[PDB]
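Enquirer: The structure that follows is given in the form of structure tokens.
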Amino acid sequence: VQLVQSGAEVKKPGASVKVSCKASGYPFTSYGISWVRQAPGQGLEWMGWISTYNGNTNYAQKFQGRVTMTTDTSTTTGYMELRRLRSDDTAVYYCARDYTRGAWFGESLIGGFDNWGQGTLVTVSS
Amino acid sequence: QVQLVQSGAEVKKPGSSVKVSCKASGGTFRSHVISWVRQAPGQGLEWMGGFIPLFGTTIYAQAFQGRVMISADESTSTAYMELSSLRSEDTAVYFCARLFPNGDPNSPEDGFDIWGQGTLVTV
Amino acid sequence: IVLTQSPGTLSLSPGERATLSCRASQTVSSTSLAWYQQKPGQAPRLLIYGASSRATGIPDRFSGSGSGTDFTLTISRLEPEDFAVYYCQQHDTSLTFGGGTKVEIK
Amino acid sequence: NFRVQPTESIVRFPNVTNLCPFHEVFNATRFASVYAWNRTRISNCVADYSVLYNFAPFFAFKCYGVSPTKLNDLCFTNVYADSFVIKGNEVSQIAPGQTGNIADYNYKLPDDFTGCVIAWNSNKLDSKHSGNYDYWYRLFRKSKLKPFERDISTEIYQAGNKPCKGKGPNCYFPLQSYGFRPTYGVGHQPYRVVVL
Amino acid sequence: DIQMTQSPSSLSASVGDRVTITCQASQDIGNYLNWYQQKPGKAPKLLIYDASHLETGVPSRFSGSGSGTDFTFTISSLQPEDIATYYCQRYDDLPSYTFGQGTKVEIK
């Protein structure tokens with residue numbers, strides 16, 4: 002509902018990211034947070050999705066080992082973790098509560114990518 | 001084709017009932033379960049509740065739910081909203097419509113809405 | 002497949018991040034879906050091809066995102082520049098335009 | 317003899333048990349196709365309902381079932397929260413007994429105990445003044461479906477004048493894009509509704 | 001400006017009521033004519049742009065027409081809800097936004 006995200010994240014060509022996503026005033030456990038990568042101009046690249054219940058994750062083959070979506074279930078702050086950062090990899094992503102694949106099952110359910118992350122404007126500028 | 005002539009436009013005052021009539025315009029009422037539109041003044045829409053004279057008991061308006069005594073007497077060429085215990089909340093343009101379950105096998109162009117005229121109630 | 006500009010009367014004053022749902026129906030990839038701004042009574046501009054994406058003509062102040070059926074144009078600090086009429090398109094599936102969500106004023 | 321003493325300490329078994337899919341249906345963006353009633357099996361729990369009572373006017377809080385209280389307190393396995401969209405004339409039919417047009421073709425409810433079905437109009441939320449034609453429902457599906465099923469089965473209508481597929485001319489849609497407008501009655505306003 | 005007025009200004013008509021609503025300005029508008037209608041208790045709605053070609057929304061009932069000095073926003077067939085005050089802004093190719101007076105199409 003606010004899904005508080007990080008900002009102009011300063012990573013490097015050969016660093017790993019811990020993007021923030023404060024799972025906002027919703028019952029965190031009963032949902033799943035998807036993500037898309039808004040590569041500048043490239044609409045949004047399908048990032049993946051964390052099941053806020055169990056952590057079932059449909060990553061992106063693009064970022065197979067790169068994107069490794071994790072979360073601080075305690076302080077409810079989503080951490081969609083991508084290694085392989087670089088200037089060409091410096092592109093903003095967002096959170097999204099995945100109601101397409103309704104959580105708890107990793108299975109397609111009614112609804113869209115639900116309420117969204119603030120925005121992680123990853124500045125890996127070189 | 002069909003017009004669903006409605007009564008008029010007058011104000012009604014608290015405690016009492018507001019009478020309006022969706023009147024029969026040349027047959028084409030029997031299936032045509034005369035439900036009832038409310039159209040809250042300018043804040044929002046509403047459905048006054050209507051009666052189900054199609055061979056059974058009546059549905060009541062969700063919004064008011066208990067003193068919406070919506071009777072409608074189709075053979076008499078009159079409909080009614082029959083809202084006993086009115087206060088002020090009305091202030092609206094209650095329409096008579098051919099609400100979704102009200103098409104004929106004729107007049108499919110006036111499909112599932114043959115609206116009325118409207119009735120300005122207020123205090 | 003249909004599109005739904007939810008905040009038909011989104012009233013956020015300039016200088017404040019807002020959110021404008023144009024809210025599709027399918028899980029359409031924005032590879033087709035887009036946005037088209039029209040002056041309030043003129044022909045649509047190429048607003049957001051890619052439906053989140055900023056091209057040449059669009060300033061930074063215009064913001065937005067979205068996927069699936071809940072496209073939320075999370076507009077950033079506003080301007081009268083951003084007070085035209087924006088119509089989120091769907092290049093997918095027989096293009097149904099948008100009809101609604103302007104950003105309004107006091 | 318001698319003793320009494322009061323001071324109530326009622327430190328409780330749980331600590332931080334997961335709430336429920338509650339505040340996820342009460343607060344979802346996109347509900348299901350109406351006949352595919354998005355019943356789930358609401359999850360393990362702390363479904364301590366009070367987040368129920370807080371909400372702004374529901375316009376349908378009338379607990380279709382046991383009293384609108386005691387749900388937080390009582391402990392049932394799951395209340396199978398269903399999720400679907402309607403428009404008011406269909407919403408009128410969403411109640412125990414109360415069989416009518418949509419609980420006469422599409423969405424029926426049993427004798428009682430439909431959890432605490434909480435309807436509300438979604439004017440700003442499911443239809444734009446373009447008169448949205450989005451969410452498909454089934455009038456003339458075949459007949460009224462039996463109390464409280466899940467109807468991803470959207471069996472087509474027996475419309476006669478033809479043996480081949482029953483459908484009268486051809487394709488008698490139990491696929492009715494809800495086809496409403498923000499300028500109708502709320503009987504025909506967008507309606508997103510939570511069921512239990 | 002052409003300082004937009006409409007001339008018929010108060011065409012009274014119920015359901016159907018073969019309609020003529022025309023935003024004849026002071027002088028000629030060409031293809032620079034908005035035709036407005038306001039939905040009460042809400043924000044305005046611009047149905048038609050120059051002389052014709054209704055927006056997606058506010059259905060065909062309110063139908064734009066007329067190309068000359070007077071551009072005719074006739075209704076083919078209204079219904080009780082089409083009570084809407086027919087003022088008319090004029091999109092001037094550099095913004096001037098001169099709206100109208102209100103040619104409300106009524107019901108009893």
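Chains as they are written, first to last, in PDB author numbering: chain I, 2 to 127; chain D, 1 to 123; chain K, 2 to 107; chain A, 317 to 512; chain J, 1 to 108. In this text, a Cβ means the ideal position worked out from N, Cα and C, and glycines have one as well.
1. For chain J, check one thing: does any of its Cβ atoms lie closer than 7 Å to the Cβ of A/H339?
2. Provide the residue(s) that pair with I/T71 in DSSP beta bridges, ordered along the chain.
3. With a threshold of 16 other CB atoms inside 10 Å of the CB of A/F329, please say whether the residue is buried or exposed.
4. What are the residues that DSSP puts in a beta bridge with A/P412?
5. DSSP state of J/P80, grouped into three classes?
6. For I/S88, which residues from the same chain have a beta carbon less than 7 Å from its beta carbon, with the 5 sequence-adjacent residues on both sides left out?
7. What did DSSP end up calling A/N437 once you bin it into helix, strand or coil?
8. Where does D/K13 sit, in a helix, a strand or coil, going by DSSP?
9. Hey, would you say residue 109 of chain J sits closer than 7 Å to J/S77, going by beta carbons?
10. I need the DSSP call for I/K63, collapsed to helix, strand or coil.
11. Under the three-state reduction of DSSP, which class applies to A/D442: helix, strand or coil?
12. Name, going along the chain, the residues of the segment 40-54 of chain J whose beta-carbon falls closer than 8 Å to a beta-carbon of chain K.
13. Helix, strand or coil, according to DSSP, for I/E46 in the structure here?
14. Can you tell me where the alpha helix (DSSP H) with A/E406 in it begins and where it stops?
15. Could you tell me whether any Cβ in chain I is nearer than 7 Å to the Cβ of A/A411?
16. Does the Cβ-Cβ distance between I/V2 and I/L86 come in under 7 Å?
17. Pull up the distance between the alpha-carbon of A/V502 and that of D/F100, whole angstroms please.
18. Quick one: measure Cβ to Cβ for A/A397 and A/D467, integer angstroms, because I've assumed they're closer than 8 Å.
19. Using beta carbons (cut-off 7 Å, strictly below), is I/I34 in contact with chain A?
20. Looking at the secondary structure, which residues open and close the beta strand (DSSP E) in which A/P506 lies?
21. How would you list, in chain order, the residues of chain K whose beta-carbon sits under 9 Å from the beta-carbon of J/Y91?
22. I need the straight-line Cα distance from D/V5 to D/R67, nearest angstrom please.
23. Report yes or no: do three or more beta-carbon pairs, one from the segment 27-38 of chain J and one from the segment 46-64 of chain J, lie closer than 8 Å?
24. Looking at the secondary structure, which residues open and close the beta strand (DSSP E) in which I/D115 lies?
25. Against chain K, which members of the segment 106-119 of chain I pass a CB distance test of less than 8 Å?
26. Mind listing the chain A neighbours of D/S35? Cutoff is C-beta to C-beta under 9 Å, in chain order.
27. Could you give the DSSP three-state label for D/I70: helix, strand or coil?
28. When the cut-off is 7 Å and only beta carbons count, does J/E81 lie next to chain A?
29. Below 8 Å on the Cβ atoms is my guess for A/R454 versus A/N394; work out the distance and round it to an integer in Å.
30. Between the Cα of K/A52 and the Cα atoms of K/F84, K/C23, K/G9, which residue gives the shortest distance?
31. Using a Cβ cut-off of 7 Å (strictly closer), state whether A/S446 contacts chain J.
32. Compare the C-beta of K/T5 against all C-beta atoms of chain A and say whether one is closer than 7 Å.
33. Whose C-alpha, out of A/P373, A/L461, A/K444, A/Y369, is nearest the C-alpha of A/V350?
34. So, at 6 Å on beta carbons, what are the nonlocal neighbours of A/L335 in its own chain, with the 5 sequence-adjacent residues on each side left out?
35. Would you kindly check if the distance between the Cβ of D/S21 and the Cβ of D/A79 is under 7 Å?
36. Where does D/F95 fall in DSSP's three states?
Expert: Looking at the coordinates:
1. False, the Cβ-Cβ gap to chain J never drops below 7 Å.
2. For I/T71, the beta-bridge partners assigned by DSSP are I/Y80.
3. Exposed: under 16 other Cβ atoms inside 10 Å.
4. Paired residue(s): none; A/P412 is not in a bridge.
5. J/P80 falls in the helix class under three-state DSSP.
6. Apart from sequence neighbours up to five positions away, the residues of its chain that approach I/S88 with a beta-carbon distance below 7 Å are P14, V125, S126, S127, ordered along the chain.
7. For A/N437, the three-state secondary structure derived from DSSP is strand.
8. Reduced to three states, the DSSP call for D/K13 is coil.
9. There is simply no residue 109 of chain J to check, as chain J begins at 1 and stops at 108 in what is shown.
10. DSSP places I/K63 in helix when its eight states are reduced to three.
11. A/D442: helix per DSSP, three-state reduction.
12. Hits within the stretch, in order: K42, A43, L46, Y49.
13. Residue state, collapsed to three classes: strand.
14. A/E406 -> alpha helix (DSSP H) spans 404-407.
15. Under the 7 Å criterion on CB atoms, A/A411 is classed as non-interfacial with respect to chain I.
16. One thing to note: I/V2 has its Cβ no nearer than 7 Å to the Cβ of I/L86.
17. Their backbone Cα atoms lie some 12 Å apart in a straight line.
18. Incorrect: roughly 17 Å between the Cβ atoms, too far for contact.
19. Closer than 7 Å: no.
20. It spans 506-511 - the beta strand (DSSP E) in which A/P506 sits, taken as one unbroken run.
21. Within chain K, the residues placing a beta-carbon under 9 Å from that of J/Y91 are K40, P41, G42, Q43, ordered along the chain.
22. Cα-Cα distance, rounded: 25 Å.
23. Under the 8 Å Cβ criterion, the segment 27-38 of chain J counts as touching the segment 46-64 of chain J, having at least three qualifying pairs.
24. Where I/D115 is concerned, the enclosing beta strand (DSSP E) stretches over 114-117.
25. Legend: CB atoms of the segment 106-119 of chain I lying less than 8 Å from CB atoms of chain K belong to residues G112, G113, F114, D115, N116, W117.
26. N405, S408, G501, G503, listed in chain order.
27. In this structure, D/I70 counts as coil in the three-state DSSP scheme.
28. Chain A, which has a Cβ nearer than 7 Å to the Cβ of J/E81, makes this yes.
29. Their Cβ separation, rounded to whole angstroms, is 26 Å, which puts A/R454 and A/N394 out of contact at 8 Å.
30. Closest by alpha carbon: K/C23.
31. Chain J, which has a Cβ nearer than 7 Å to the Cβ of A/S446, makes this yes.
32. True, the Cβ-Cβ gap to chain A drops below 7 Å.
33. Looking from the CA of A/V350, the closest CA among A/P373, A/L461, A/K444, A/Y369 belongs to A/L461.
34. Short of 6 Å from the beta carbon of A/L335, and not among the five residues preceding or following it, lie these beta carbons of its own chain, in chain order: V362.
35. In this structure, the beta-carbon distance from D/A79 to D/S21 falls below 7 Å.
36. Coil at D/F95, not helix or strand.
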